[PDB]
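> First piece of the complex, coordinates kept as in the full assembly:
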Amino acid sequence: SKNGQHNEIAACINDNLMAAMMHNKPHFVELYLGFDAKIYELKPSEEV
C-alpha cells in the first residue's frame, strides 16, 4: 500500500479471498475484504 504497487495487488486479491474462504480463515476473509477486494469480482479456478 505504501509502495503504490496497485497492479500486483489487484490481480491477486480475489484468488486470495477465495482461498481464505476454502481453507476456513474468517479473519483473513475480513482482512482481504478490507484491502479493496470487490466481492462480486471473484473468479473460479476451473472453467465450467
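Perfect, I can see it now. Residues are numbered from 1 along each chain as shown, chains lettered A, B, ... in the order given.
> Just the helices from chain A, written as ranges.
For chain A, the helices defined by DSSP state H cover A:6-22, A:26-34.
> Would you mind saying which of those helices lies nearest residue A:42?
Nearest to residue A:42 among those is helix A:6-22 (5.2 Å), distances taken as CB to CB. Every residue, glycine included, has its C-beta placed from N, CA and C.
> Specify the angle between the closest one and helix A:26-34 in degrees.
150 degrees (axes from the mean of the first three to the mean of the last three CA atoms, to 10 degrees).
> Counting by contacts, list what helix A:6-22 packs against.
helix A:26-34 (3 or more CB pairs under 8 Å, 6 or more residues apart in numbering; DSSP states H and E).
> The helix it packs on: which residues count as buried?
By 16 or more other CB atoms under 10 Å, the buried positions in helix A:26-34 come out as A:29, A:32.
> Equivalent analysis for stretch A:17-27, please.
Buried residues in stretch A:17-27, counted by 16+ other CB under 10 Å: A:17, A:18, A:20.
> export those residues to a markdown table and tack on distance to residue A:11?
Below are the buried residues of stretch A:17-27 laid out as a markdown table (distance: CB to CB, whole Å):
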| residue | distance to residue A:11 |
| --- | --- |
| A:17 | 13 |
| A:18 | 13 |
| A:20 | 16 |
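> of those, closest to residue A:29?
Taking CB to CB as the measure, residue A:29 lies nearest residue A:20 of the buried residues of stretch A:17-27, at 4.8 Å.
> Run through the residues that contact residue A:9.
A:1, A:35, A:36 (CB atoms under 8 Å, 6 or more residues apart in numbering).
> Neighbour count for those residues - can I get that in a markdown table?
Shown next, in a markdown table, are the contacts of residue A:9 (neighbours: other CB atoms under 10 Å):
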| residue | neighbour count |
| --- | --- |
| A:1 | 8 |
| A:35 | 12 |
| A:36 | 11 |
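> Can you get me a residue count around residue A:4?
Residue A:4 is flanked by 8 other residues according to other CB atoms under 10 Å.
> Next one: it from residue A:34, what distance?
To residue A:34, residue A:4 is 19 Å away according to CB to CB, to the nearest Å.
> circling back to that earlier point, of all the helices of chain A, which one is nearest residue A:43?
Of these, nearest to residue A:43 by CB to CB is helix A:6-22, at 6.0 Å.
> hang on, the earlier thing: generate JSON lines for the helices of chain A, with distance to residue A:42 as supplementary columns.
Listed next are the helices of chain A as JSON lines, based on distance: least, CB to CB, whole Å:
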{"stretch": "helix A:6-22", "distance to residue A:42": "5"}
{"stretch": "helix A:26-34", "distance to residue A:42": "11"}
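> throw chain B on there as well:
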Amino acid sequence: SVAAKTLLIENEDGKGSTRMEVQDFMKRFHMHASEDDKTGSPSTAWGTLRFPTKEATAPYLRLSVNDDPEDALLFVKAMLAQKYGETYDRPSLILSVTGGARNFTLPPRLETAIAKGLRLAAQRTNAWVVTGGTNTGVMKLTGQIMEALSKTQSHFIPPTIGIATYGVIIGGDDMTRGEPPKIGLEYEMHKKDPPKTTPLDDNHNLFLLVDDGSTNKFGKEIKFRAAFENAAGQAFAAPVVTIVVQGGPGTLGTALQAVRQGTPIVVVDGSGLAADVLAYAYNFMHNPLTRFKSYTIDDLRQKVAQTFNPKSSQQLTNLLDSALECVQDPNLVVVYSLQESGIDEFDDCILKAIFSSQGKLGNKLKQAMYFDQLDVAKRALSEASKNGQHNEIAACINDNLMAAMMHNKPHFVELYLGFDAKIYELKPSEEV
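Let me put chain B in with the others:
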C-alpha cells in the same frame, strides 16, 4: 418564488444590518470582457442554480480578481441572513478542503478515513467547508460528505461554498447573458460546450466564480480564496483550517497563499503527490525525530521533479522554493499521517492547527470544547495561569462557561468553574 428586490447587508461597524436595494449593493462586482480590460464592466451574473435531484437552489456570483473579499463575505452573510433570519447560526470553524481534481486517484480506505474525520469535525463544529466549485476529485468527495451531512440537519444547513475560476465552466455562457435577477436557472452538466470541459459540483450550496478575462486557465482563484477565508475568519472570529489531500501545482500555490495569509494548513501525509512533498519538506526542516536525519534537499528536489514535472531548472527552483516557503513557519503546518499514527487523531491535528494561531482565545477554548479534548483546554489554561495573563482569562471565561452549558459539556463546565469563573457574573449574548 417572488424575486428579492432589497437585501440586508451587515454594516462595517458590526452593530446591526441596514436594508438597501440589490442592484446598489451588487454594483461593486466587476467582470472582464477580455484579459486586457482592467477597470471592467457591471457583473450581471448572479442568482440561483437548480441542479437535477436537488431540492434546494444554490446562489452564484461571478466577480473579478480585484474585488474586495469582504464584499463577497457580505454577499454570503446577506443571503444567509435573508433566508434564515438575522440570528442565524454563526460558524465557529471554517474548513477549507483543497487538492487534486483530475488525477485524484486514491485507495478507498484512505478516503473513508479522511471522510470519517472530516464528517466528525464538520458535524461537531458546524463548520463552513470551502472547496472548489467543480465536480472533480477531493472537492466532489467532500461534496458527497456534506451531502450526507445535509440530511440529518433540521433547520440550519452549513454552506458548502465553491470558489472556482470562471472560464472553465460549461454552463458559464448561459448564466451571464440576460436579466440580472435569475431565480432558479437550470444547470445542465451533460450539455456539450466545445472549449470548456469542467462542470460544477451539484452538492455545493453556493458558488463564487472568480473572473480575470481568460478562458481554460486554472489557478486564478487561489489568492481570492485565501483572502476570502482570512476575511471570513476575522469577521466571525473563527479559526480557518486548510486541509491538503494529494494535489497538483495549484494546491501548492493554495497552501503558499494560505501560509502567507496566516491561515494554518493540515497536510495529509501518505496520500501521495504534493502532500508527500509538503510533508517531506516539513519533516526535513522541523521534525527532530530520528527517521528524518537522512532527509536532504536533493531528494526533495527529486520528489518535486518526479511529481510536478517542472521541465526546466528555473521552474524547479521556483516550485522547490515555494514548497520550502510553505513549511518555513512550523506552527502553520500540521502533518497528519494516515499510515503511521492512529485512526482517531485527525481531529487532534485540526485542533492543533486551531491552537497554533495567535488570537481568538475564547473561540480556541470553544473549539477545544467542541472536539471533547479536556486535556488540551486544561494545558492552555495552565500555561495562561503560569504566564500571569489575568486580563485575557477573566474577559473570556464567562462566555466559555455559558457556551459549555449550551452545547452540553458538563466536564468543561466543572473545568471552567474551577478556573475562577464566578457563576453569577455570566452575561447573555443578546440584549433584552
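> With chain B now part of the structure, what is the answer for the neighbour count of residue A:4?
Residue A:4 is flanked by 10 other residues according to other CB atoms under 10 Å in any protein chain shown.
> Give me the phi and psi for it.
Main-chain torsions, residue A:4, degrees, to the nearest 10: phi 80, psi -90.
> which residues sit against stretch A:13-20?
The contact list for stretch A:13-20 (CB atoms under 8 Å, 6 or more residues apart in numbering or on different chains) reads A:28-29, A:32-33, A:35-38, A:41-45.
> What parts of chain A come near chain B?
Counting by CB under 8 Å from any CB of the partner chain, chain A comes close to chain B at A:1, A:2, A:4, A:34, A:35, A:36.
> try it again with 6 Å
Contacts of chain A with chain B, taken as CB under 6 Å from any CB of the partner chain, map to residue A:36.
> Could you name the residue of chain A that is farthest from its center?
Most distant residue from the mean C-alpha position of chain A: residue A:48, 20.9 Å away (CA atoms, centre = their mean).
> Of the contacts of stretch A:13-20, which is the nearest to chain B?
Nearest to chain B out of the contacts of stretch A:13-20 is residue A:36 (CB to the nearest CB; 5.5 Å).
> Show the contacting residues for the closest one.
By CB atoms under 6 Å, 6 or more residues apart in numbering or on different chains, the residues touching residue A:36 are residue B:108.
> For it, give me phi and psi.
The phi/psi pair for residue A:36 (degrees, to the nearest 10) reads phi 60, psi 40.
> Could I get the CA-only coordinates of stretch A:41-48 as PDB?
Listed next in PDB are the C-alpha coordinates belonging to stretch A:41-48 (Å, rounded to 0.1, in the frame of the first residue of the first chain):
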ATOM      1  CA  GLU A  41     -15.500  -9.900  -9.000                       C
ATOM      2  CA  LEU A  42     -14.300 -13.200  -7.600                       C
ATOM      3  CA  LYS A  43     -13.400 -15.800 -10.200                       C
ATOM      4  CA  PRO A  44     -13.300 -19.800 -10.100                       C
ATOM      5  CA  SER A  45     -10.100 -21.700 -10.700                       C
ATOM      6  CA  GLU A  46     -11.600 -24.100 -13.400                       C
ATOM      7  CA  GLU A  47     -13.800 -23.400 -16.400                       C
ATOM      8  CA  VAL A  48     -17.400 -24.600 -16.400                       C
END
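> what's in contact with that stretch?
Against stretch A:41-48 from outside (CB under 6 Å, 6+ apart): A:14, A:18.
> Kindly recompute the last result at 10 Å.
A:10, A:13, A:14, A:15, A:17, A:18, A:19, A:21, A:22 (CB atoms under 10 Å, 6 or more residues apart in numbering or on different chains).
> Also put chain C in, sequence below:
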Amino acid sequence: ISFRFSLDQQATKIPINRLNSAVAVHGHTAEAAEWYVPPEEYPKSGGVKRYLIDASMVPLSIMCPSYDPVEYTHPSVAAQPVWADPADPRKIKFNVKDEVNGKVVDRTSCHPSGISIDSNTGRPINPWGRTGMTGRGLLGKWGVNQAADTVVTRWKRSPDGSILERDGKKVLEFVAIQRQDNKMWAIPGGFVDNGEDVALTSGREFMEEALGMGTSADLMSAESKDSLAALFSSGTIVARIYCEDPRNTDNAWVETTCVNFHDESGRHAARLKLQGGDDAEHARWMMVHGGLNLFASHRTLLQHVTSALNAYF
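Take a look at chain C, now in place beside the chains above:
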C-alpha cells in the same frame, strides 16, 4: 536510536591524495566559467535597460571589441547627499584609505590585481568582469562600495533542547530580513558610512534592520543590552568577497565583508525581539540550507559561515 546515531556519527566522522573522477560521468561539460551577469532591467530605474552580454564574454582579460555600455546615474545619487561621492572622480585616491571631509573611507578591493584607473575620465574599472553599464547607478560611491553583512546564527533546536541534525552535520539558523525594495529575503547589512569601521557598521545595521532600534521602536530594558553586548563581543570575519548585486555597474560595485556572530548556547539569541525596521520589512529566524533563494551572493556567504562552523549546507 538518537544516541546510537549520534555516537556512530561521532566515530567515523572522517589537495594531496585527492582524485576527481567526475570527468568519466560528465565528459567535456565538467566545468565551465559560470560567472555573474546582472539582470537586464536595472532595479528602481524606471525601465532603463543595460547592454546585454553573454556569461562567456565577461572577464577583462578577454578583448571584446563590440562593447557599448549605457551611462546611467540614479536621480537620488545625482542630488548629492552626504554619503555620495562627487560626479567628477578626479583627486580621489583609490586602493588606499582616503579622507573625505576628515572621515576615513576604505576604497581597497579584495581582488588580487587591484583597481585600475582609466586615463581618459579618471573613473575606476571593475576587475570582476563587464556588467554592460557605466556610471554610478544606485550606488553612491565610485569604485568599491563597502558593505558589511551580519550573520547572527544559532543552532536550530527542538523544544526538548536537542539540536536538529541533517546529513550528519548540525543545522544552523540565521536571522533573515525581507528587503523593502525588491521583497527578497537577505542577510541584514548595509553600506559602510564615512569615518566608520566594519564593527560599528555591522552592529548598527543589525540593530537598525533586524531589531528596528534606530530611533523608531523604543529603548531596550538595559539588562537585555548587556546580553546583546555579550553576543556582539565574539565575532569572526568569515569572508570578504565580491557581491553578485544587480545594482553593480562598471564604475561602482558592492564588495562585502561578512561578520558572523554565533550563539553556541542560544541564550542571547532567544532574548532578541525581531521586528523589521528601517529598510527591512519583516525579520525572522530561517534555516540554513543549500536550496535557499536569497538576494545577491548571500548563499555564498552562508556557505562560508557553515564551512567555518562545520554545519549543514
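> mind redoing the contacts of stretch A:13-20 now chain C's in there?
Stretch A:13-20 has contacts (CB under 10 Å, 6+ apart) with A:9, A:25-33, A:35-39, A:41-45.
> Looking at the stretch 51-200 of chain C, which residue is nearest chain A?
For the stretch 51-200 of chain C, CB to the nearest CB, closest residue to chain A: residue C:166, 23.0 Å.
> Can you tell me how far that residue is from residue B:328?
16 Å.
> swap in residue C:136?
From residue C:136 to residue B:328 the distance is 36 Å (CB to CB).
> Now do the contacts for the residue of the stretch 51-200 of chain C closest to chain A.
Listed by CB under 10 Å, 6+ apart, the contact set of residue C:166 reads B:284-285, B:292-297, C:156, C:287, C:289, C:311-313.
> Assumed residue C:55 was part of a helix.
No: going by DSSP: H, G, I helix; E, B strand; the rest coil, the assignment for residue C:55 is coil, not a helix.
> I'd assumed residue C:62 was in contact with it.
No: counting by CB atoms under 10 Å, residue C:55 sits too far from residue C:62 to count as a contact (11.9 Å).
> Any buried residues in stretch C:304-313, and which?
Residues of stretch C:304-313 classed as buried by neighbour count (16 or more other CB atoms under 10 Å in any protein chain shown): C:304, C:305, C:306, C:309, C:311, C:312, C:313.
> Quick check: end-to-end length of stretch C:61-74?
Using CA to CA, to the nearest Å, the end-to-end distance of stretch C:61-74 comes to 30 Å.
> Name the residues of it that come out as buried.
Within stretch C:61-74, the residues that qualify as buried are C:69, C:72, C:73, C:74, counting by 16+ other CB under 10 Å.
> so the nearest residue to the third one once chain neighbours are set aside is in which element?
Take residue C:73 and drop its neighbours on the chain: the residue closest to it by CB to CB, 6 or more residues apart in numbering or on different chains is residue C:135, 4.7 Å away. Secondary structure here is read from DSSP states H and E; on that basis residue C:135 sits in strand C:133-137.
> again with residue C:201
If you go by DSSP H and E, residue C:201 is part of helix C:198-206.
> Name the residues that touch that helix?
In contact with helix C:198-206 (CB under 10 Å, 6+ apart) are residues C:106, C:146-152, C:175, C:177, C:187-193, C:196, C:213-214, C:228-229, C:231-232, C:235, C:237, C:240, C:257-261, C:272, C:278-280, C:283.
> Among those residues, name the buried ones.
C:106, C:146-152, C:175, C:177, C:187-193, C:196, C:213, C:228, C:231-232, C:235, C:257-261, C:272, C:278, C:280, C:283.
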